[PDB]
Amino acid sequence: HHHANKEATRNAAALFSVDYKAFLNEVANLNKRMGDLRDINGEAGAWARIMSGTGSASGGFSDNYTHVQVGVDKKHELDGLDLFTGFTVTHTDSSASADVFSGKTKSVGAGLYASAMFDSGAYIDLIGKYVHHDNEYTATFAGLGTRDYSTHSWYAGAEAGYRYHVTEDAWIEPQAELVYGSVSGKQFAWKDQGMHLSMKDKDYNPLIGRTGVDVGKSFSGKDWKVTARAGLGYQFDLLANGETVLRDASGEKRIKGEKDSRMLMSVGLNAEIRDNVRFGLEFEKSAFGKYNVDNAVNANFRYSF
């Protein structure tokens, strides 16, 4: 009976954990979202982004996702400060698998951002958005079967960093980011072998921090620039306020959320072609987490005019 409860707990937690990965997948940063916004002349901008990636965690859990996003903004020219304010919309397709389940998630989001680029090299990036998730998951345990459900998430993120130039062409940039969010809970109630089974979790609020450093070496000519860059960071949960409750004829088991953290690694470039076009590309992965990004690639394109 202990073994049964252990397995049930492990499985319920695995299945419900996908809502948290769905949330984590929508978390980016200034460079990953917008590319390089320094020294841009155009007073308006249109941009697109695509990300594709895969991750894993124990229990044979693995997922992969394709994230697509666009935005438009106006750039306000202030005294030593460019301030980009704009709108954004996103789409995500995810699939997930573990030993005991598999399924998919379709997401649609919309948000608002302000990005402040200071001549001094300082920057601040603020974003808030809402994401809707349609979910379809099939479980191989407990006769739970196929389950469709909606969730939605709010995001409020703030990021600051500082680009210190070691030389005219090389630079170092410490960064810190905090992202506060919400994840709607859901319930499954069903019968198996003529017994009433329940599995439910509550609304919770992720709070994800990151601290890291980026480094870059740039090259250019009259009408182009290319920056090679690499990143090392630390991404961590500050809260784990979720809880799954497994109810049963014999009683309830409560399963509290666990914090997880991981080391982020990235390598990439930012390109400038003439006056309107920018392009950003990076390869990334993480290590040491219970969940890790095993690999993902991010591309963006900004047209400034």
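From 1 onward, residues are counted along the sequence shown.
A summary of the deposited B-factors shows that, of 251 to 259 and 64 to 72, the stretch with the larger mean C-alpha value is 251 to 259.
111 to 119 and 187 to 195 differ in mean CA B-factor, and the higher of the two is recorded for 187 to 195.
In this structure the maximum Cα B-factor among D134, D169, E159, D214 is found at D169.
Per the deposited record, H165 carries the highest C-alpha B-factor of all listed residues (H91, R210, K129, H165). When all modelled residues of the chain are sorted by CA temperature factor, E177 is found within the lowest third. Among all modelled residues in its chain, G42 ranks in the lowest third by Cα B-factor. Among the modelled residues of its chain, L83 has a C-alpha B-factor that falls in the lowest third, as given in the PDB entry. In the deposited entry, the Cα temperature factor of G280 places it in the lowest third of its chain's modelled residues.
When the modelled residues of the chain are ordered by C-alpha B-factor, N300 sits in the middle third.
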